[PDB]
$ cat my_file39.cif   # mmCIF, C-alpha atoms and all ligand atoms
data_entry
#
loop_
_atom_site.label_atom_id
_atom_site.label_comp_id
_atom_site.auth_asym_id
_atom_site.auth_seq_id
_atom_site.Cartn_x
_atom_site.Cartn_y
_atom_site.Cartn_z
CA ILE G 1 0.00 0.00 0.00
CA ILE G 2 1.45 3.34 -1.11
CA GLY G 3 0.58 6.06 1.37
CA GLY G 4 -2.36 5.34 3.64
CA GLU G 5 -1.94 4.29 7.24
CA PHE G 6 -0.78 1.40 9.39
CA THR G 7 -3.56 -0.65 10.91
CA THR G 8 -4.20 -3.86 12.81
CA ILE G 9 -6.28 -6.86 11.94
CA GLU G 10 -9.13 -5.63 14.21
CA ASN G 11 -9.98 -3.01 11.60
CA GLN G 12 -10.06 -5.38 8.60
CA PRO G 13 -10.85 -8.74 10.28
CA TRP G 14 -11.72 -10.60 7.03
CA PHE G 15 -8.16 -10.07 5.72
CA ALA G 16 -6.23 -13.28 5.04
CA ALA G 17 -2.46 -13.53 4.86
CA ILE G 18 -1.31 -16.21 2.42
CA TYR G 19 2.20 -17.71 2.53
CA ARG G 20 4.09 -20.42 0.59
CA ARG G 21 6.48 -23.12 1.87
CA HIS G 22 9.62 -23.35 -0.32
CA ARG G 23 11.74 -26.36 -1.27
CA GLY G 24 13.86 -26.48 1.91
CA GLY G 25 11.31 -25.11 4.40
CA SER G 26 11.66 -21.31 4.19
CA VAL G 27 8.24 -19.56 4.26
CA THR G 28 7.52 -16.36 2.30
CA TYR G 29 4.53 -14.10 1.82
CA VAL G 30 2.58 -14.51 -1.39
CA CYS G 31 -0.62 -12.49 -1.48
CA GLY G 32 -3.62 -11.17 0.43
CA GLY G 33 -7.10 -12.63 0.46
CA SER G 34 -10.49 -12.24 2.15
CA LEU G 35 -12.66 -14.51 4.32
CA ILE G 36 -16.05 -14.87 2.67
CA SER G 37 -17.30 -17.76 4.82
CA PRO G 38 -15.88 -19.93 7.58
CA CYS G 39 -14.26 -22.38 5.12
CA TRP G 40 -13.54 -20.10 2.13
CA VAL G 41 -10.93 -17.43 1.32
CA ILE G 42 -11.12 -15.50 -1.93
CA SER G 43 -8.03 -14.13 -3.62
CA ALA G 44 -6.42 -13.67 -7.08
CA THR G 45 -5.43 -16.54 -9.48
CA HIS G 46 -2.20 -14.83 -10.63
CA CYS G 47 -0.79 -15.24 -7.10
CA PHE G 48 -0.65 -19.05 -7.35
CA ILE G 49 -0.22 -19.71 -11.04
CA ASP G 50 3.56 -20.41 -10.86
CA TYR G 51 2.95 -22.88 -7.98
CA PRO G 52 -0.52 -24.50 -8.33
CA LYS G 53 -0.01 -27.15 -5.65
CA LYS G 54 -2.27 -26.58 -2.63
CA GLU G 55 0.08 -28.36 -0.20
CA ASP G 56 2.61 -25.52 -0.66
CA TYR G 57 0.38 -22.91 1.08
CA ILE G 58 -0.38 -21.64 4.56
CA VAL G 59 -3.18 -19.17 5.36
CA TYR G 60 -3.39 -16.98 8.46
CA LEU G 61 -6.47 -15.25 9.73
CA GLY G 62 -6.29 -12.67 12.56
CA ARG G 63 -2.75 -11.66 11.58
CA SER G 64 -1.51 -8.02 11.76
CA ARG G 65 2.22 -8.50 11.09
CA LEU G 66 4.10 -10.09 8.23
CA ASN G 67 6.76 -12.09 10.09
CA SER G 68 5.48 -12.29 13.67
CA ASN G 69 2.64 -14.30 15.13
CA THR G 70 -0.10 -11.86 16.06
CA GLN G 71 -1.92 -12.68 19.29
CA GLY G 72 -5.14 -14.54 18.47
CA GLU G 73 -4.27 -15.63 14.91
CA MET G 74 -5.46 -18.87 13.30
CA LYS G 75 -3.39 -21.00 10.89
CA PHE G 76 -4.83 -23.14 8.08
CA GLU G 77 -3.76 -25.55 5.41
CA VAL G 78 -5.30 -25.28 1.97
CA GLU G 79 -7.55 -28.25 1.22
CA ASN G 80 -8.83 -27.02 -2.15
CA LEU G 81 -7.08 -24.39 -4.30
CA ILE G 82 -9.48 -23.34 -7.04
CA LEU G 83 -7.97 -21.23 -9.79
CA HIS G 84 -10.33 -19.73 -12.38
CA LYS G 85 -10.20 -21.88 -15.51
CA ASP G 86 -10.63 -18.85 -17.75
CA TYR G 87 -7.69 -16.96 -16.26
CA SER G 88 -5.28 -15.29 -18.66
CA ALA G 89 -2.41 -12.85 -18.46
CA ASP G 90 -1.40 -10.27 -21.06
CA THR G 91 1.68 -8.04 -20.78
CA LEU G 92 -0.01 -6.06 -17.98
CA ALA G 93 -3.66 -6.98 -17.53
CA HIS G 94 -4.91 -10.16 -15.90
CA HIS G 95 -8.33 -11.57 -16.80
CA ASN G 96 -10.61 -13.58 -14.52
CA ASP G 97 -8.11 -12.95 -11.79
CA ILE G 98 -9.95 -14.66 -8.92
CA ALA G 99 -9.14 -17.75 -6.84
CA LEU G 100 -10.78 -19.66 -4.00
CA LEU G 101 -8.97 -21.34 -1.15
CA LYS G 102 -10.80 -23.85 1.04
CA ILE G 103 -9.15 -23.67 4.46
CA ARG G 104 -8.98 -26.34 7.17
CA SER G 105 -6.85 -26.42 10.30
CA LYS G 106 -4.65 -29.33 11.39
CA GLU G 107 -7.56 -30.03 13.81
CA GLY G 108 -9.83 -30.27 10.73
CA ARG G 109 -11.85 -27.10 11.37
CA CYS G 110 -12.91 -23.95 9.48
CA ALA G 111 -12.55 -20.32 10.67
CA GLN G 112 -13.89 -19.47 14.15
CA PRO G 113 -15.12 -15.82 14.26
CA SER G 114 -13.61 -13.50 16.90
CA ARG G 115 -12.67 -9.84 17.43
CA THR G 116 -9.81 -10.39 14.93
CA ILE G 117 -11.51 -12.85 12.51
CA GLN G 118 -14.74 -12.09 10.62
CA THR G 119 -16.26 -12.75 7.19
CA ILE G 120 -16.96 -10.03 4.62
CA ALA G 121 -20.26 -10.03 2.68
CA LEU G 122 -20.35 -10.43 -1.09
CA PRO G 123 -22.19 -7.91 -3.17
CA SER G 124 -25.47 -8.77 -4.80
CA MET G 125 -25.46 -9.42 -8.55
CA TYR G 126 -24.02 -6.63 -10.73
CA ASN G 127 -24.57 -4.26 -7.78
CA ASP G 128 -21.64 -1.84 -7.42
CA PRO G 129 -21.51 1.56 -5.73
CA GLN G 130 -21.45 4.64 -7.99
CA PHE G 131 -18.17 6.05 -9.28
CA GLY G 132 -16.55 8.41 -6.79
CA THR G 133 -17.57 6.22 -3.86
CA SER G 134 -14.72 5.82 -1.36
CA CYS G 135 -13.55 2.28 -0.66
CA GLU G 136 -10.77 0.83 1.43
CA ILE G 137 -7.92 -1.49 0.43
CA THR G 138 -5.73 -3.45 2.83
CA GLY G 139 -2.46 -5.35 2.58
CA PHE G 140 1.22 -6.06 3.24
CA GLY G 141 2.41 -4.83 -0.17
CA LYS G 142 5.21 -2.39 -0.88
CA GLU G 143 5.03 1.11 0.63
CA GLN G 144 7.07 2.50 -2.25
CA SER G 145 7.50 1.11 -5.76
CA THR G 146 11.30 1.06 -5.29
CA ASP G 147 11.23 -0.84 -1.97
CA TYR G 148 12.75 -4.31 -1.79
CA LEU G 149 11.13 -5.15 1.54
CA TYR G 150 7.45 -5.38 2.38
CA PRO G 151 6.21 -3.57 5.48
CA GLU G 152 6.10 -5.67 8.60
CA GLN G 153 2.87 -3.98 9.77
CA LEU G 154 -0.47 -4.26 7.96
CA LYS G 155 -1.63 -1.20 6.05
CA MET G 156 -4.78 0.25 4.62
CA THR G 157 -5.89 3.21 2.57
CA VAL G 158 -8.83 4.71 0.73
CA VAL G 159 -9.36 4.98 -2.99
CA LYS G 160 -12.29 6.14 -5.09
CA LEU G 161 -14.08 4.17 -7.79
CA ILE G 162 -13.42 5.33 -11.34
CA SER G 163 -15.86 4.83 -14.23
CA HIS G 164 -15.20 2.31 -17.00
CA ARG G 165 -15.53 5.30 -19.35
CA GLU G 166 -12.83 7.34 -17.61
CA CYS G 167 -10.63 4.26 -17.11
CA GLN G 168 -11.01 3.51 -20.87
CA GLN G 169 -9.45 6.91 -21.82
CA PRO G 170 -6.17 6.75 -23.81
CA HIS G 171 -3.81 8.06 -21.10
CA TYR G 172 -5.39 5.62 -18.64
CA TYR G 173 -5.59 1.96 -19.77
CA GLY G 174 -7.45 2.11 -23.12
CA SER G 175 -8.78 -1.37 -23.92
CA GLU G 176 -6.63 -3.13 -21.26
CA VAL G 177 -9.52 -2.72 -18.82
CA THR G 178 -12.77 -4.63 -19.35
CA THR G 179 -16.26 -4.59 -17.78
CA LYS G 180 -15.28 -7.40 -15.36
CA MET G 181 -12.63 -5.05 -13.98
CA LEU G 182 -13.06 -2.01 -11.74
CA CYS G 183 -10.68 0.93 -11.48
CA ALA G 184 -9.98 2.80 -8.26
CA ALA G 185 -7.56 5.59 -7.42
CA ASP G 186 -6.77 8.67 -5.42
CA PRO G 187 -7.67 12.06 -7.01
CA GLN G 188 -4.09 13.16 -6.31
CA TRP G 189 -2.68 9.70 -7.21
CA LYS G 190 -0.94 9.84 -3.80
CA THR G 191 -2.09 6.43 -2.42
CA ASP G 192 -2.64 3.07 -4.12
CA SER G 193 -2.18 -0.66 -4.01
CA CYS G 194 1.15 -2.11 -5.16
CA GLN G 195 3.16 -5.33 -5.54
CA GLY G 196 2.35 -7.62 -2.63
CA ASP G 197 -1.22 -6.28 -2.26
CA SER G 198 -2.61 -8.62 -4.95
CA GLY G 199 -5.52 -10.82 -3.87
CA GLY G 200 -6.49 -8.48 -1.09
CA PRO G 201 -9.85 -6.71 -0.55
CA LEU G 202 -11.38 -3.56 -1.98
CA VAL G 203 -14.25 -3.00 0.47
CA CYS G 204 -17.11 -0.52 -0.01
CA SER G 205 -20.17 0.43 1.99
CA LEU G 206 -23.29 -0.47 0.00
CA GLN G 207 -26.80 -0.15 1.50
CA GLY G 208 -24.95 0.66 4.73
CA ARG G 209 -23.15 -2.71 4.61
CA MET G 210 -19.44 -3.42 4.12
CA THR G 211 -19.10 -5.41 0.92
CA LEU G 212 -16.24 -7.11 -0.97
CA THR G 213 -16.46 -5.07 -4.14
CA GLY G 214 -13.03 -5.86 -5.57
CA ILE G 215 -9.90 -7.97 -5.40
CA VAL G 216 -6.50 -6.33 -6.00
CA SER G 217 -5.36 -7.48 -9.45
CA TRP G 218 -2.92 -5.21 -11.36
CA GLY G 219 -1.84 -1.75 -12.35
CA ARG G 220 0.83 0.01 -14.38
CA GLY G 221 3.27 0.97 -11.60
CA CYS G 222 1.86 2.14 -8.27
CA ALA G 223 0.45 5.61 -7.41
CA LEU G 224 1.16 6.86 -10.95
CA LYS G 225 -0.76 9.70 -12.53
CA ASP G 226 -3.57 8.42 -14.81
CA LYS G 227 -2.83 4.78 -13.83
CA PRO G 228 -5.49 3.50 -11.40
CA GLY G 229 -5.37 0.26 -9.50
CA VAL G 230 -7.35 -2.42 -11.32
CA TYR G 231 -9.52 -4.84 -9.35
CA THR G 232 -11.47 -8.00 -10.20
CA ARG G 233 -15.10 -6.84 -10.23
CA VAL G 234 -16.56 -9.21 -7.64
CA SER G 235 -20.25 -8.50 -8.47
CA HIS G 236 -19.60 -9.99 -11.97
CA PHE G 237 -18.24 -13.34 -10.64
CA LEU G 238 -21.03 -14.44 -8.30
CA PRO G 239 -22.12 -17.50 -10.36
CA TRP G 240 -18.52 -18.81 -10.36
CA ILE G 241 -18.21 -18.24 -6.62
CA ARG G 242 -21.58 -19.91 -5.87
CA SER G 243 -20.87 -22.92 -8.11
CA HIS G 244 -17.44 -23.42 -6.46
CA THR G 245 -18.39 -22.96 -2.77
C1 LIG G 301 6.30 -1.47 -13.27
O1 LIG G 301 6.65 -2.20 -12.11
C2 LIG G 301 5.55 -2.67 -11.47
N1 LIG G 301 5.70 -3.65 -10.57
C3 LIG G 301 4.61 -4.15 -9.88
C4 LIG G 301 3.32 -3.67 -10.12
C5 LIG G 301 2.19 -4.15 -9.46
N2 LIG G 301 1.16 -3.31 -9.27
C6 LIG G 301 0.01 -3.70 -8.69
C7 LIG G 301 -0.96 -2.71 -8.53
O2 LIG G 301 -1.98 -2.92 -7.88
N3 LIG G 301 -0.73 -1.46 -9.01
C8 LIG G 301 -1.54 -0.40 -8.84
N4 LIG G 301 -2.67 -0.49 -8.10
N5 LIG G 301 -1.21 0.76 -9.39
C9 LIG G 301 -0.08 -5.02 -8.22
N6 LIG G 301 -1.21 -5.41 -7.62
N7 LIG G 301 0.94 -5.88 -8.39
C10 LIG G 301 2.06 -5.46 -9.02
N8 LIG G 301 3.09 -6.29 -9.22
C11 LIG G 301 3.19 -2.66 -11.05
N9 LIG G 301 4.32 -2.17 -11.72
#
$ encode --input "my_file39.cif" --output "structure tokens"
Amino acid sequence: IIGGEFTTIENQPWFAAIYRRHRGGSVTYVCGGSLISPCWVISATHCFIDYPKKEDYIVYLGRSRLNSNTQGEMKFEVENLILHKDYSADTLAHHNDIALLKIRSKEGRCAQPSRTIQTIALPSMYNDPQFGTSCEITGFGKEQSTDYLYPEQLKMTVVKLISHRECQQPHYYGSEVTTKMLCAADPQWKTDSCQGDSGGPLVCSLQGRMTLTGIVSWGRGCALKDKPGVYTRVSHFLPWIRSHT
């Protein structure tokens, strides 16, 4: 997250921290995700595509720091890693960039809700807030494009929804962005998602309810003028999510 503020898991309790075990036993951060029901975490397919094997992954819920065990966290293995069969990657843009992780603990149980662990509601069909609505994004991604390290503390910020029309303009993304994608950005381009934020939540208030409107997918750089963050448009994937959960 470029700009924004540090936070703790209490403020974004559906946020899931996804890690991979390497050949040798070293464990590294991969991507964010979101808890959409006790047994199911939703994330982005591009995060896993180089390593499709579900035994390689560990998911934490209730975790506020990248490399320390937050008090109250839960740890899960991945019992079902569902990548979207229509996924594709161009030079920049990712299509159908959505993934589902079925989680189960070593004790064979799903998520138990707490002050640090909650689900996030899905939108209803094709129901998005209007452009200019403020939404929040959360993650452990880079704080500056040129950073090598990820921040050790969880971060969040606020971006505003941009219209498909505006995001289609030539100095934005042209035809790289489609109707199953949503654009969001800061008016001053001062805060954004970045590398390491992929798979994480874009959450908006809709009908006075917090709703998983987007999943961090891609962008050209981070916090660049005329280059919004691009998100998987969750309200356009509900059939796929229903059929797979
Ligand atoms: C040109 O170098 C470069 N490296 C990484 C990224 C990148 N960006 C976003 C991203 O959300 N960008 C954004 N919201 N502007 C992302 N999720 N993952 C990424 N790897 C972009 N550019």
$ residues_near_ligand --input "my_file39.cif" --ligand "ligand LIG 301 (chain G)" --cutoff "9 Å" --atoms "only C-alpha atoms and all ligand atoms" --output "ChimeraX atom specification"
/G:1-2,92,141,145-146,183-185,191-200,216-224,227-231
$ residues_around --input "my_file39.cif" --residues "segment 76-79 of chain G" --least-positions-apart "6" --cutoff "9 Å" --atoms "all atoms listed in the file" --output "ChimeraX atom specification"
/G:54-61,101-106,109-111
$ write_last_selection --input "my_file39.cif" --atoms "C-alpha atoms" --output "mmCIF file, in the frame of the given file"
data_model
loop_
_atom_site.group_PDB
_atom_site.id
_atom_site.type_symbol
_atom_site.label_atom_id
_atom_site.label_comp_id
_atom_site.auth_asym_id
_atom_site.auth_seq_id
_atom_site.Cartn_x
_atom_site.Cartn_y
_atom_site.Cartn_z
ATOM 1 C CA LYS G 54 -2.270 -26.580 -2.630
ATOM 2 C CA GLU G 55 0.080 -28.360 -0.200
ATOM 3 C CA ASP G 56 2.610 -25.520 -0.660
ATOM 4 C CA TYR G 57 0.380 -22.910 1.080
ATOM 5 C CA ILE G 58 -0.380 -21.640 4.560
ATOM 6 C CA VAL G 59 -3.180 -19.170 5.360
ATOM 7 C CA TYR G 60 -3.390 -16.980 8.460
ATOM 8 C CA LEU G 61 -6.470 -15.250 9.730
ATOM 9 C CA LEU G 101 -8.970 -21.340 -1.150
ATOM 10 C CA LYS G 102 -10.800 -23.850 1.040
ATOM 11 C CA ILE G 103 -9.150 -23.670 4.460
ATOM 12 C CA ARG G 104 -8.980 -26.340 7.170
ATOM 13 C CA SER G 105 -6.850 -26.420 10.300
ATOM 14 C CA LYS G 106 -4.650 -29.330 11.390
ATOM 15 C CA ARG G 109 -11.850 -27.100 11.370
ATOM 16 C CA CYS G 110 -12.910 -23.950 9.480
ATOM 17 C CA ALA G 111 -12.550 -20.320 10.670
#
$ closest_residue --input "my_file39.cif" --among "G:179, G:119, G:138, G:69" --to "residue 159 of chain G" --atoms "all atoms listed in the file"
G:138
$ closest_residue --input "my_file39.cif" --among "G:190, G:85, G:75, G:180" --to "residue 126 of chain G" --atoms "all atoms listed in the file"
G:180
$ atom_distance --input "my_file39.cif" --atom1 "atom CA of residue 95 of chain G" --atom2 "atom CA of residue 167 of chain G"
16.0 Å
$ atom_distance --input "my_file39.cif" --atom1 "atom CA of residue 89 of chain G" --atom2 "atom CA of residue 181 of chain G"
13.6 Å
$ atom_distance --input "my_file39.cif" --atom1 "atom CA of residue 80 of chain G" --atom2 "atom CA of residue 244 of chain G"
10.3 Å
$ closest_residue --input "my_file39.cif" --among "G:165, G:64, G:30, G:130" --to "residue 50 of chain G" --atoms "only C-alpha atoms"
G:30
$ decode --input "my_file39.cif" --residues "segment 164-182 of chain G" --atoms "N, CA and C atoms" --output "PDB file, in the first residue's frame"
ATOM      1  N   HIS G 164     -15.759   3.036 -15.859  1.00  0.00           N
ATOM      2  CA  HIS G 164     -15.202   2.309 -16.995  1.00  0.00           C
ATOM      3  C   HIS G 164     -14.868   3.275 -18.139  1.00  0.00           C
ATOM      4  N   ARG G 165     -15.752   4.248 -18.361  1.00  0.00           N
ATOM      5  CA  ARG G 165     -15.529   5.299 -19.350  1.00  0.00           C
ATOM      6  C   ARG G 165     -14.209   6.021 -19.100  1.00  0.00           C
ATOM      7  N   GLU G 166     -14.062   6.617 -17.919  1.00  0.00           N
ATOM      8  CA  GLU G 166     -12.835   7.343 -17.613  1.00  0.00           C
ATOM      9  C   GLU G 166     -11.632   6.402 -17.681  1.00  0.00           C
ATOM     10  N   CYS G 167     -11.756   5.205 -17.107  1.00  0.00           N
ATOM     11  CA  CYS G 167     -10.634   4.263 -17.112  1.00  0.00           C
ATOM     12  C   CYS G 167     -10.268   3.751 -18.516  1.00  0.00           C
ATOM     13  N   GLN G 168     -11.229   3.815 -19.443  1.00  0.00           N
ATOM     14  CA  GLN G 168     -11.008   3.515 -20.871  1.00  0.00           C
ATOM     15  C   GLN G 168     -10.244   4.594 -21.655  1.00  0.00           C
ATOM     16  N   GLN G 169     -10.175   5.821 -21.136  1.00  0.00           N
ATOM     17  CA  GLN G 169      -9.451   6.909 -21.822  1.00  0.00           C
ATOM     18  C   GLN G 169      -8.032   6.500 -22.219  1.00  0.00           C
ATOM     19  N   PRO G 170      -7.463   7.166 -23.246  1.00  0.00           N
ATOM     20  CA  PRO G 170      -6.168   6.746 -23.811  1.00  0.00           C
ATOM     21  C   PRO G 170      -4.981   6.827 -22.842  1.00  0.00           C
ATOM     22  N   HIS G 171      -4.910   7.897 -22.060  1.00  0.00           N
ATOM     23  CA  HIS G 171      -3.814   8.059 -21.100  1.00  0.00           C
ATOM     24  C   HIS G 171      -4.037   7.278 -19.803  1.00  0.00           C
ATOM     25  N   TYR G 172      -5.193   6.625 -19.680  1.00  0.00           N
ATOM     26  CA  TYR G 172      -5.393   5.616 -18.642  1.00  0.00           C
ATOM     27  C   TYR G 172      -4.986   4.262 -19.204  1.00  0.00           C
ATOM     28  N   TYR G 173      -5.924   3.319 -19.346  1.00  0.00           N
ATOM     29  CA  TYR G 173      -5.591   1.957 -19.768  1.00  0.00           C
ATOM     30  C   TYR G 173      -6.128   1.557 -21.152  1.00  0.00           C
ATOM     31  N   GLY G 174      -6.882   2.435 -21.803  1.00  0.00           N
ATOM     32  CA  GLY G 174      -7.446   2.109 -23.118  1.00  0.00           C
ATOM     33  C   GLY G 174      -8.296   0.857 -23.020  1.00  0.00           C
ATOM     34  N   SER G 175      -8.028  -0.105 -23.902  1.00  0.00           N
ATOM     35  CA  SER G 175      -8.777  -1.367 -23.921  1.00  0.00           C
ATOM     36  C   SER G 175      -8.233  -2.465 -22.994  1.00  0.00           C
ATOM     37  N   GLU G 176      -7.165  -2.181 -22.236  1.00  0.00           N
ATOM     38  CA  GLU G 176      -6.628  -3.135 -21.256  1.00  0.00           C
ATOM     39  C   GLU G 176      -7.634  -3.463 -20.160  1.00  0.00           C
ATOM     40  N   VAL G 177      -8.531  -2.526 -19.872  1.00  0.00           N
ATOM     41  CA  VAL G 177      -9.520  -2.720 -18.825  1.00  0.00           C
ATOM     42  C   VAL G 177     -10.857  -3.098 -19.442  1.00  0.00           C
ATOM     43  N   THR G 178     -11.519  -4.076 -18.835  1.00  0.00           N
ATOM     44  CA  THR G 178     -12.771  -4.633 -19.351  1.00  0.00           C
ATOM     45  C   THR G 178     -13.877  -4.405 -18.328  1.00  0.00           C
ATOM     46  N   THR G 179     -15.112  -4.773 -18.680  1.00  0.00           N
ATOM     47  CA  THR G 179     -16.260  -4.587 -17.784  1.00  0.00           C
ATOM     48  C   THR G 179     -16.273  -5.509 -16.551  1.00  0.00           C
ATOM     49  N   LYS G 180     -15.446  -6.551 -16.548  1.00  0.00           N
ATOM     50  CA  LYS G 180     -15.283  -7.402 -15.361  1.00  0.00           C
ATOM     51  C   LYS G 180     -14.146  -6.906 -14.451  1.00  0.00           C
ATOM     52  N   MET G 181     -13.599  -5.747 -14.800  1.00  0.00           N
ATOM     53  CA  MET G 181     -12.628  -5.050 -13.979  1.00  0.00           C
ATOM     54  C   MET G 181     -13.208  -3.735 -13.482  1.00  0.00           C
ATOM     55  N   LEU G 182     -12.711  -3.294 -12.328  1.00  0.00           N
ATOM     56  CA  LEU G 182     -13.064  -2.007 -11.738  1.00  0.00           C
ATOM     57  C   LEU G 182     -11.785  -1.241 -11.495  1.00  0.00           C
TER      58      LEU G 182
END
